[PDB]
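Where a number appears in this text, it was derived from the coordinates with a stated rule and is not lab data. Cβ sites come from the backbone with ideal geometry, for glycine too, and all protein chains shown count toward neighbours.
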Amino acid sequence: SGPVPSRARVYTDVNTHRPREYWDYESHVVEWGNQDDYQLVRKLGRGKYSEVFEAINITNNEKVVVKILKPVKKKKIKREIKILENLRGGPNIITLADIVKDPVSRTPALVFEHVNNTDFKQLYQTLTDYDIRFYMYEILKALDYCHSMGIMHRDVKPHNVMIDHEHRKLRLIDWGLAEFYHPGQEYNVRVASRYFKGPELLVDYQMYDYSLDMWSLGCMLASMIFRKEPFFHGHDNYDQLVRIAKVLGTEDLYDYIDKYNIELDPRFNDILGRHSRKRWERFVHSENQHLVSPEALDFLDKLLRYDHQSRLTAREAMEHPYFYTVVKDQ
Ligand SMILES: O=C(O)c1cc2c(ccc3ccc4oc(C(=O)O)cc4c32)o1
């Protein structure tokens, strides 16, 4: 017996009650649209697994985004497609409009609703206190939805939260790393993006859950209210934990690993050190003070916990006083 097991505290058993087909994405049969409906306009980016384009649907003259897939593990294709279909129409979830075969790649191309996004680096510099609260609530709607549907996003970060600021519209995108939560399942820790990786990933604890997304959201919040993007700025995955420990303290880190009977990579022996837990006020200064309130700090504090079991759930987060000032729809 190595690690102590763990379970999500909410939506724990949602998938087990489902028909197999809901989560057994390996058996999913892709429904294909017509590639000729779409004309590529310009490349937006390239990752290790895909290329993303702005495009036009020539049938309706509507802008769309086309992601042409190329993953090495090809079962990930069906996983992303099944998750997108399962979640389609949920609050603030990007809509998959079509799936077509690209004639050049001969691979699936996912067609999504367009978002006229403001670049996050520019945008975060302009967010007011009210805006941060507003958009955080919007992200929480999306996360509580997918969690309630038995799905963890696993790549929450600024790029994946597409905001059209002009129209105050938000969409959670790129479900390519998302997975179905099953109690007792051990998951790959090589997920999320460095600055947003939860302590569970960084200590190699595999039996994690929806609460991973809440750590990532906390990292986003900290970057927004303190105007420090990213907040925990590691050079690699090991330094990433050290950066966290310099804020949350090493004593609570050891309490966490001790709770789950986890051992740190011996790598940490001569780099981790001994750090006190810092008060959040440490990160406040004249340039970010207009974004900080006791409610902001308390909310942040309750997201950024080493113990994934201790973090606020998305629904609990929506109950927080931080959101009292936000006008709800509609
Ligand atoms: O990778 C995906 O799945 C993905 C990317 C996007 C998406 C859905 C809508 C989008 C809308 C605007 C964008 O601007 C960029 C940009 O990079 O500037 C990317 C995107 C994406 O899905």
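Return the Rg/Rh value of the range 24-114, two decimal places, where both radii are evaluated on C-alpha atoms and Rh is the Kirkwood radius. Each step should come with its number before you reach the end.
Details: Rg = 12.7 Å, Rh = 13.5 Å.
Rounded to two decimals, Rg over Rh is 0.94.
If you line up the long axis of helix 75-87 against the longest principal axis of the chain, both from Cα atoms, how many degrees apart are they, to the nearest 10?
Here the helix axis deviates by roughly 90 degrees.
Using Cα pairs closer than 8 Å and at least 6 residues apart in sequence, work out the relative contact order for the range 1-139, in percent.
Worked out over the range 1-139, it gives 19 percent.
Grab the beta carbon distance between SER1 and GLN185, set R0 = 22 Å, and tell me the FRET efficiency rounded to 0.05.
E(calc), rounded to 0.05, equals 0.80.
Could you list, in their original order, any pairs among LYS82/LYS157; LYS157/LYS328; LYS43/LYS74; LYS43/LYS101 whose Cα atoms are separated by more than 20 Å? List each step's numbers first, then the result.
Details: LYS82/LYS157 22 Å; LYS157/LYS328 24 Å; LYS43/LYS74 23 Å; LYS43/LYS101 18 Å.
Over 20 Å apart, Cα to Cα: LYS82/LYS157; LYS157/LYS328; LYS43/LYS74.
Where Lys and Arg each count +1 and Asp and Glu each count -1, what net charge lies around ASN61 among other residues with Cβ under 14 Å from its Cβ?
Result for the local shell: -2.
Classify the range 1-158 as rounded, prolate or oblate, taking a ≥ b ≥ c as the square roots of the eigenvalues of its Cα gyration tensor: rounded when a/c is under 1.5, otherwise prolate if a/b is larger than b/c and oblate if not.
Numbers: a/c = 1.87, a/b = 1.15, b/c = 1.63.
Here the range 1-158 falls in the oblate category.
As a footprinting exposure proxy, order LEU40, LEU84, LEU140 by other Cβ within 10 Å, with the fewest listed first.
Starting with the residue having the fewest Cβ neighbours, the order is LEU40, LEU84, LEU140.
Taking the Cβ of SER105 as the centre, find all other residues whose Cβ is under 12 Å away and add up their charges (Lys, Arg: +1; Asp, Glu: -1). Walk me through the numbers on the way to the answer.
Values: positive: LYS67, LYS70, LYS101, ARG106; negative: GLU51, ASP102.
Net charge around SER105: +2.
Grab every C-alpha pair in the chain, bin the distances at 10 angstrom width from 0 up to the longest one, and report whole percents.
5, 25, 33, 25, 10, 2, 0
If you take every DSSP beta bridge whose two residues both sit in the chain, what share of them, in percent to the nearest 5, is antiparallel? If you can, show how the numbers build up before the last one.
Values: 31 of 32 bridges.
Antiparallel: roughly 95 percent of the beta bridges in the chain.
Of the beta bridges DSSP finds with both residues in the range 54-213, what % are antiparallel, to the nearest 5?
The antiparallel fraction comes to roughly 95 percent.
For the range 138-181, what class follows from the C-alpha gyration tensor (a ≥ b ≥ c being the square roots of its eigenvalues): rounded when a/c is under 1.5, otherwise prolate if a/b is larger than b/c, else oblate?
On the way: a/c = 3.27, a/b = 1.72, b/c = 1.90.
Since a/c reaches 1.5 but b/c is at least a/b, the shape of the range 138-181 is classed as oblate.
With each run of n ≥ 4 DSSP H residues scored as -39500 (n - 2.57), what mean residue ellipticity at 222 nm is computed for the chain after dividing by its residue count and rounding to the nearest 500 deg cm²/dmol?
Calculated mean residue ellipticity at 222 nm is -9000 deg cm²/dmol.
Given q = 0.14, 0.18 Å⁻¹, what are the Debye log10 I(q)/I(0) values for the range 173-330, with equal point scatterers placed on the Cα positions and solvent ignored?
Computed log10 I(q)/I(0) values: -0.74, -1.20.
On a 0 to 90 degree scale, rounded to 10, what angle separates helix 250-259 from the longest Cα axis of the chain?
Rounded to the nearest ten degrees, it is 70.
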